[PDB]
Amino acid sequence: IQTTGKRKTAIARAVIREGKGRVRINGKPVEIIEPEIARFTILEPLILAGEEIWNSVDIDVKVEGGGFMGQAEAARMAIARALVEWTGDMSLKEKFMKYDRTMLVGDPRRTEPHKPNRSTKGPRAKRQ
Amino acid sequence: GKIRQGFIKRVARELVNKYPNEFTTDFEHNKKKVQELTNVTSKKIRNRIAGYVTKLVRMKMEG
Amino acid sequence: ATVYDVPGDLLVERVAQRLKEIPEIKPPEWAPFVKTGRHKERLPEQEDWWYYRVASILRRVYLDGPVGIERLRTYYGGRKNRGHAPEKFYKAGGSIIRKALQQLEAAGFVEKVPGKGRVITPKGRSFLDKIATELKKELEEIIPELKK
Amino acid sequence: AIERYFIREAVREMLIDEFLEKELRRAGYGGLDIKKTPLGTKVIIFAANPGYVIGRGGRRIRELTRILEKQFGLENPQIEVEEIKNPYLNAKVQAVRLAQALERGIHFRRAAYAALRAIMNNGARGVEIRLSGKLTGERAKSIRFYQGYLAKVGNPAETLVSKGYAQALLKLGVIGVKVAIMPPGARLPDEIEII
Amino acid sequence: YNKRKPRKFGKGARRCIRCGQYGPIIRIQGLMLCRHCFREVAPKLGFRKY
Amino acid sequence: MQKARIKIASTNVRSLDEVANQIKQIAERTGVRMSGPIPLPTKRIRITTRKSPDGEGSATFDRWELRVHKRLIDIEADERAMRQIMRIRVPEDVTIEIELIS
Amino acid sequence: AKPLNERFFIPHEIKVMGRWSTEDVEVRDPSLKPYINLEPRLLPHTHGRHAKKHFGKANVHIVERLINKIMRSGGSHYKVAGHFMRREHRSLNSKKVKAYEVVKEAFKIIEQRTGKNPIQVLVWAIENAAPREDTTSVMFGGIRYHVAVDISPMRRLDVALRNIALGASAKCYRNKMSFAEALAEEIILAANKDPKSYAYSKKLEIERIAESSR
RNA sequence: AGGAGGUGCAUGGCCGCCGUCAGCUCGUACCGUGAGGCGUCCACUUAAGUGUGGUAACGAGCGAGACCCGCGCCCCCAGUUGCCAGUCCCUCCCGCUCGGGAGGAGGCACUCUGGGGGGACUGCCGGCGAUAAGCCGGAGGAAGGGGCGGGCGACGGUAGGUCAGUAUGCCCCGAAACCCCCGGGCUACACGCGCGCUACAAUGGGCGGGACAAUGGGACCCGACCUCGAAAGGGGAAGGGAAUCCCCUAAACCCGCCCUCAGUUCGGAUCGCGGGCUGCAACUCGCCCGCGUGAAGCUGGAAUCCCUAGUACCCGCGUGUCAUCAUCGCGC
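Calculation notes
- Residues numbered from 1 in each chain as written, not as in the entry; some residues may be left out.
- Chains lettered and ligands numbered in written order.
- Part of a larger assembly, values for the part shown.
- Heavy atoms only, no water.
- Helix = DSSP H or I, 4+ residues; strand = E, 2+ residues; numbered from the N terminus.
- Rg over C-alpha atoms; globule rule 2.2 N^0.38 Å.
- Buried < 20%, exposed > 50% of the residue type's maximum accessible area, 1.4 Å probe, protein only.
- Contact = heavy atoms within 4.5 Å.
- Areas by Shrake-Rupley, 256 points an atom, 1.4 Å probe, with all protein chains shown as cover.
- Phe/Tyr/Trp six-rings, centres within 6.5 Å; stacked < 30°, edge-to-face > 60°.
- Pairing = 2+ DSSP bridges.
- Buried area = accessible area lost by both parts, 1.4 Å probe.
- Salt bridge = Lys/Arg side-chain N within 4 Å of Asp/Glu carboxyl O.
- Polar contact = N/O pair within 3.5 Å; in protein donor to acceptor, adjacent residues only side chain to side chain.
- Nonpolar A, V, L, I, M, F, W, Y, C, P; charged D, E, K, R; others polar.
- Patch = residues over 30% accessible without salt bridge, like charges linked within 9 Å, V, L, I, M, F, W, Y side chains within 5 Å.
- Axes fitted to C-alpha atoms, helices over the stretch in contact; angles between N-to-C directions.
- Parallel < 35°, antiparallel > 145°, perpendicular 65-115°, else oblique.
- Left-handed = near helix turned anticlockwise from the far one by under 90°.
- Near = heavy atom within 4 Å.
- UniProt positions renumbered as here; feature names shortened; annotations may be inferred.
- 1 Å grid on protein atoms, 1.4 Å probe; cavity = no way out; pocket = protein on both sides within 12 Å on 5 of 7 lines; lining within 4 Å.
- Points joined across faces, edges and corners; volume = space filled by probe spheres on them.
- Disulfide = S-S within 2.5 Å.

1. Comments concerning the overall build of chain G
Step number 1: Secondary structure assignment for chain G yields seven helices and two strands.
Step number 2: Helices and strands in chain G line up, N terminus first, as α-α-α-α-β-β-α-α-α.
Step number 3: Relative to the globule expectation of 17 Å for 214 residues, the C-alpha radius of gyration of chain G, 18 Å, shows essentially globular dimensions.
Step number 4: Residue burial in chain G is summarised as follows: out of 214 residues, 46% are buried.
Step number 5: Nonlocal contacts in chain G, meaning residues at least 24 apart in sequence, comprise 62% of its contacts between residues at least 6 apart.

Have a look at this one:
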């Protein structure tokens, strides 16, 4: 089963199937990703799911675009959609929207364009 | 501001006064009717007109 | 298992200490007198710096497949000071990794695809993934969860 | 490099326009079009009166047929002259007309109102005329006359209203004329009809 | 001896097509046109504001 | 097995649209297969220039934009089909480039 | 790297950071109980629309707020005892991982010095650093005069957290002593109403002045 | 003829500001002898001369808004954009032979892209508001109270600036005030001064590895890739006139380790040598590579600017001028 999730410019395509429990981002294990803070948010959603479903399926997600943290956000975003699609269980959906509404909603924030008069510093950054 | 534009307020009077029987409190029902009964090509003003004719109907039966 | 299943920080050191055995790779006479990059201001602190570099280079051949001189130069390039002006990104030197590539090819671990770069031999693949499986069999003990 | 062709043809397109405006100023240079065929380049000139563009026996256009092929380097140009359907709907043509009238020394108010009434009588919906420069003294002045309906800003004003600017010479200097014309056919977004 | 030296580079190399200035000549795929000139002719190019 | 790749460039989306309608309505009349019209990423050209003609005053700039739309249509090699494409009336704004690939 | 993956997996049972589940922590002061967030979270970094709501700071976790206060300490109007407190070198802003690591180490330092949950030490420090009076100018006919004023609890939280961060950053500035040590020491001093906590001292100062401007 | 020769208080357009401001006006009626007044005023609301209710006025025009562009959710169509989606088939590497990974076929899953349409309309509920206009609250929904960000900015003034870009009245020269060339200058210097970069270091400095963009741009061009030089760069050259080739990697961040707080293991100005690069030539008047060199500065009084959500801060990249040259301007 496929699932998509966008963030900033990060886009994540996840495929999940019956399996041991291995979770692979870009073909790399979920447990040895060097950014620890990003690893925590990557591993946040499935914790509420329970180890049964953690060990009942295998998940592989490929991300591209944005930064590492945007990539982690997109990965978690797509993860929640994929897993709730597999279960089709309302109770877990309630658990997610209790913990975080963006799990099945997403953050539509995007960068504002920079404007003249010191364009580099930002849309709202001006001289003295 | 959310003040309804003047010429929408004007144009909504005639649809009421000419087909009072063809409109109800339902927004979607009135939406198609105002879509056909005019030549509006902007969907946004179409929604505005539908909203105000809906409000006009809603205040009709009240008195 | 594969290199993808282990951290690179430990794997590069393991590969460096393993390749230190084979005499195909050797720092030339000018090696201890040249810093590791144009973007770098100071000489390497350690003297094993040569054998890590190859241990890095070969690693990318396992990942990025056929890659030539200039893209590798770009990857190792870094941020350098420019006086009062802010820092800027520059490219690593050429010969430093070029001779490393020649040494790796002569060792038979890698081969060349002209017009595209250099790819990794099945011998090099088997060597790297044997090191990786050694490391993973190790790591599964200190970290049980990697058994999954 | 297709983008190196699009703007190339474009910028060529208006160089001839300005050249003709320099040349056919007296005949009411109205508008230009160009179409490409294997035979060559067919140029279509809408003018207020093709009689003067013809000149005498077509000699004038013959001259125009030469330099166009040489100055602009267009392959086998063939020139076709046509009359503007309603010059009173063309802001550029009316602007040139009024500038010419002032260039005859006619009183500015008189010419302005006469031209305005003429254009409105031709079925236009709204006309604006602005005259700038030395009109009655050493210090410059700006005067406006408007009639009918005319949106001035926003997208519709950019598309529905014809604009035209003209420069008129005199002994005392130059005078600028802005002309805006709203043809009868156009409809504003604000206009809603009932059936 | 009264001919200007051909200049392949420098500001003297380029020249605005319309008004004949040596100043800022924009060359987005080669217009060869002055900055002041571009404003009066952009809508005629088909360019549009957004 | 031989196909014709056709690329149509147009600044006007609609001038493109009716020409695409012409070439697509050629297909079913000719009874020759036709892969759907592929819309390439529309190419945007941006140019910015300061409004002031002189140096004085604040800084204000104008950003002009050219959107040129690119579309691809790939069709089979049918002599009767391709004989009717040069008879298509094309507007001046639109341009057509055809390659014949195997 | 064993500590890294360890700390990664140990909070698998829903724990703040890596350790110190918050059921033990207790809010003694009645005022900040309905305003301090103690919900169970693994990673305290929402990126959420807390800014875009009137009271979106109620739902932000306390440690997240602490990291946020640490985020923005260098270079401004304030010159504590004639010091342009400025982080030219690798400023914490736009780098949340660095502050995350620093507060991680500060939590450990608090824990081993106190031998208890660092989070409860933070709660006590904030409770003991919160001012109770301020002043404001009120006029009538143009004659200004200062008037004593009470403070809304959320503002008390804000100023207490910012003052703790201020003291930590000032202490580490220009000094051999690292930043995490400065922060942990500031927290410890604040927890027990020690007058050398910059936060607690400034709390005493603001609670004065208003004392005499009633 | 020409003049970057004067005249912007001789002009035209064009630009800055007033000001994205809520404003400016007319037809008719009415009041006043008259300059003029009413409309355009009064209570509430608006982002608003936006509307609501009262008025000696009724309508209209310009402006506002509507208009148009990009983003955010969904439906359809579209496939040389994407994929062990699933994928039998073939090959290779590891291994505990279970399984793990890569390449070709493969079809459209899905991404991406561009055409059409829906979705958000105070839409519904509660309160406030006179029961009007409208406001607040609540639900649901990707998105609510002009959804968000933009473009379009009047009547008039600023004798503001622009005639040194164009056109341009008057006046001056007209072998000069016209044209071409050489050389220098347009940098020169005790400083007052606006706006920027760096430093004043634990945050750091140094060594390896790990995860990350898009704007764009590319034919006397982007150039992979091969070879050599520590490098600047040099010889060759695939692909590409552009979803197909290249610029191309991110940096900020973390991981394992060394230096451990000092004007110094910070900082590099300044100074010499050699080497490299563009241009005919770069002392005046370019950049880079290595060595030696190490300047002040250890937080800066008065004063004062900016910002309100992907916003401020930090970090880098593309792009105009360009053969090189930015701490330059615009954009990502």
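The rest of the description comes next.
2. Here's the deal with the overall build of chain E
Step number 1: Across its full length, chain E holds one helix and two strands.
Step number 2: Ordered by position from N to C terminus, the α and β elements of chain E give β-β-α.
Step number 3: Its C-alpha atoms give chain E a radius of gyration of 13 Å, clearly above 10 Å, the size a compact globule of 50 residues would have.
Step number 4: Each principal axis of the C-alpha distribution contributes one length, and for chain E these read about 50 × 20 × 15 Å.
Step number 5: The buried share of chain E, reckoned over its 50 residues, is 22%.
Step number 6: In chain E, of all internal contacts separated by at least 6 residues, the share reaching a separation of at least 24 is 0%.
Step number 7: If you sum the accessible surface of chain E, you get close to 3800 Å²; carbon and sulfur atoms cover 53% of it.

3. Things to note about the packing of aromatic side chains
Step number 1: Per the stated rule, a full pass over the model turns up 12 aromatic pairs over all chains.
Step number 2: Between the aromatic rings of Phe40 of chain A and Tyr100 of chain G, the centroid separation amounts to 6.3 Å while the plane-to-plane angle is 70 degrees, which identifies the pairing as edge-to-face. Here the residue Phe40 of chain A occupies a position in helix α1 (residues 36-49), and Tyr100 of chain G occupies one in helix α3 (residues 96-114), the pair thus bridging two chains. Each member of the pair, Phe40 of chain A together with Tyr100 of chain G, is buried.
Step number 3: Judged by centre distance (5.3 Å) and plane angle (25 degrees), the rings of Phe109 of chain C and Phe127 of chain C are stacked. Taken together, the residues span a long stretch of sequence, with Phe109 of chain C in the loop between α4 (95-106) and β3 (110-113) and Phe127 of chain C in helix α5 (residues 122-142) at a distance of 18 residues.
Step number 4: With relative accessibility at 25%, the residue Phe127 of chain C sits in the partly exposed group.

4. Here we look at the pairing of β3 of chain C
All names here are of chain C.
Step number 1: By the bridge criterion, four bridges tie β3 to strand β4 (residues 117-120) in an arrangement that is antiparallel. Each bridged residue has a counterpart across the sheet, and for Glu111 the counterpart in β4 is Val119.
Step number 2: Counted between consecutive antiparallel strands, the loop separating β3 from β4 contains three residues, among which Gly115 sits at a positive phi close to 75 degrees.

5. Observations concerning the interface of chain A and chain G
Bring the parts together and some accessible area is lost; that lost area is often taken as the interface size.
Step number 1: Between chain A and chain G, the residue contacts involve 19 residues of the former and 19 residues of the latter.
Step number 2: Here chain A packs against chain G, burying approximately 1800 Å² in sum over the two surfaces, 67% of which is carbon and sulfur.
Step number 3: Together, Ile37, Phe40 and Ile47 of chain A form the three largest contributors to the area buried by chain A at its contact with chain G, with a combined 38%.
Step number 4: We note a salt bridge from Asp107 of chain A to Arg49 of chain G, for which the minimum N-O separation is 3.1 Å.
Step number 5: Seen at the junction of chain A and chain G, the total is eight residue pairs in polar contact.
Step number 6: Elements with a minimum of two residues in the side of chain A that touches chain G: α1, α2 (51-56) and α3 (68-87) of chain A.
Step number 7: Sorting elements by how many residues they give to the side of chain A that touches chain G places α1 of chain A first, with eight residues.
Step number 8: Among the residues forming the side of chain A that touches chain G, the class breakdown is eight nonpolar, two polar and nine charged.

6. Some words on a nonpolar patch on the surface
All names here are of chain G.
Step number 1: The grouping of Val138, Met139, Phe140, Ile143 and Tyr145 at the surface amounts to a nonpolar patch, some 500 Å² of accessible area in total.
Step number 2: Mapped by element, the contributors of at least two residues to the nonpolar patch are β1 (134-140) and β2 (143-149).
Step number 3: Here the nonpolar patch gets three residues from one element, more than from any other, and that element is β1.
Step number 4: Here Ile143 lies in strand β2.
Step number 5: Among the residues examined, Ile143 registers a relative accessible area of 59% and is labelled exposed.

7. Overview of the packing of helix α2 (residues 62-71) of chain G against helix α5 (residues 153-172) of chain G
Residue and element names in this part refer to chain G.
Step number 1: In the contact formed by α2 and α5, the axes pass within 9 Å of each other and the chain directions differ by 50 degrees. Comparing their axes, α5 and α2 come out oblique. As α2 runs across α5, the sense of the crossing is right-handed. Each of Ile62, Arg65, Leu66, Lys69 and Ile70 in α2 lies in contact with α5, whose residues at this interface are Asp158, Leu161, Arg162 and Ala165.
Step number 2: Looking at the contact of α2 with α5 residue by residue, the class counts come to five nonpolar, no polar and four charged.

8. So, the protein's contact with RNA strand H
Step number 1: For RNA strand H, the set of nearby residues contains 228 residues, the closest of which are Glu34 and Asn117 of chain A, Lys31 of chain B, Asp129 of chain C together with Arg90 of chain G.
Step number 2: Expressed as a percentage, the sugar and phosphate content of the atoms of RNA strand H within 4 Å of the protein is 78%.
Step number 3: Taking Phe68 of chain A, its main chain carries an N or O atom lying 3.2 Å from a sugar or linking oxygen of RNA strand H.
Step number 4: Within the side chain of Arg79 of chain C, one N or O atom sits 2.7 Å away from a phosphate oxygen of RNA strand H.

9. Let's talk about the pattern of salt bridges
Step number 1: All told, the structure shown has 35 salt bridges over all chains when counted by the stated rule.
Step number 2: Measuring nitrogen to oxygen at the nearest pair gives 2.5 Å for the salt bridge that ties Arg118 of chain C to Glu105 of chain C. Of the two residues, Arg118 of chain C is situated in strand β4 and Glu105 of chain C in helix α4; the sequence distance between them amounts to 13 residues.
Step number 3: Two residues, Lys171 of chain G and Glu186 of chain G, come together in a salt bridge whose shortest N-O distance is 2.6 Å. In this pair, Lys171 of chain G is assigned in helix α5 and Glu186 of chain G in helix α6 (residues 179-191), connecting sequence segments 15 residues apart.
Step number 4: For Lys171 of chain G, a relative accessible area of 21% puts it in the partly exposed group.
Step number 5: Under the relative-accessibility criterion, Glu186 of chain G is labelled buried at 0%.
Step number 6: Here the salt bridges do not stand alone but share partners, grouping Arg7, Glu73, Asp107 and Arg109 of chain A together with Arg49 of chain G into one network.

10. So, the side chain of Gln94 of chain D
Step number 1: In this structure, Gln94 of chain D sits in helix α4 (residues 91-103).
Step number 2: Setting aside residues up to four positions removed in sequence, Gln94 of chain D forms contacts with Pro87, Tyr88, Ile119 and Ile181 of chain D.

11. With respect to the UniProt feature "binding site: Zn(2+)" in chain E
All names here are of chain E.
Step number 1: Summarizing the sequence annotation, UniProt attributes the feature "binding site: Zn(2+)" to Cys16, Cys19, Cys34 and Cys37 in the numbering used throughout. For the annotated residues, spread through 22 residues, the largest C-alpha to C-alpha distance comes to 8.3 Å, consistent with a single compact locus.
Step number 2: Summarising the element assignment, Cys34 is placed in strand β2 (residues 33-34).
Step number 3: Residue class for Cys34 comes out buried when judged on its relative accessible area of 1%.
Step number 4: For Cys34, the residues in contact, after removing those within four places along its chain, are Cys16, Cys19, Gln21 and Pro24.
Step number 5: With respect to the secondary-structure elements, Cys37 resides in helix α1 (residues 35-45).
Step number 6: The exposure class of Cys37 is buried, given its relative accessible area of 1%.
Step number 7: For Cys37, the residues in contact, after removing those within four places along its chain, are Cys16, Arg18 and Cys19.

12. A few points about the interface of chain F and chain D
Step number 1: Taken together, the 10 residues of chain F in the interface contact six residues of chain D.
Step number 2: Contact between chain F and chain D buries roughly 620 Å² in total, counting both sides, with carbon and sulfur atoms accounting for 70%.
Step number 3: Run the count over chain F and chain D and you get zero salt bridges.
Step number 4: Remark: the boundary between chain F and chain D carries zero residue pairs in polar contact.

13. Describing the sheet that holds strand β2 (residues 40-47) of chain D
All names here are of chain D.
Step number 1: Spatial strand order, β1-β2-β3: three strands in an open sheet with mixed pairing. On the outer flanks of this sheet lie β1 (29-37) and β3 (77-83), each paired with one strand and no other. Here the average twist between neighbouring strands, direction ignored, is 20 degrees.
Step number 2: Bridge count between β1 and β2: eight bridges; the pairing is antiparallel.

14. Considerations on the layout of surface pockets
Step number 1: For the second largest pocket, the calculated volume is near 1200 Å³.
Step number 2: Along the wall of the second largest pocket there are 36 residues; nearest its centre are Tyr5, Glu9 and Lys36 of chain D together with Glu92 and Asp93 of chain F.
Step number 3: Of all the secondary structure elements, the ones that give two or more residues to the lining of the second largest pocket are α1 (3-23), β1 and β2 of chain D, α1 of chain E together with β5 (95-101) of chain F.
Step number 4: Here the lining of the second largest pocket is composed, by residue class, of 18 nonpolar, five polar and 13 charged.

15. Looking at the state of the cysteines
All names here are of chain E.
Step number 1: Enumeration over the complete set of coordinates arrives at one disulfide over all chains.
Step number 2: With its sulfur 2.0 Å from that of its partner, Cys34 forms a disulfide with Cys37. Because the sign of the S-S torsion sets the handedness, a value of about 110 degrees for the bond joining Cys34 and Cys37 places this disulfide among the right-handed ones. By the burial criterion, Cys34 is buried, and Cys37 matches it.

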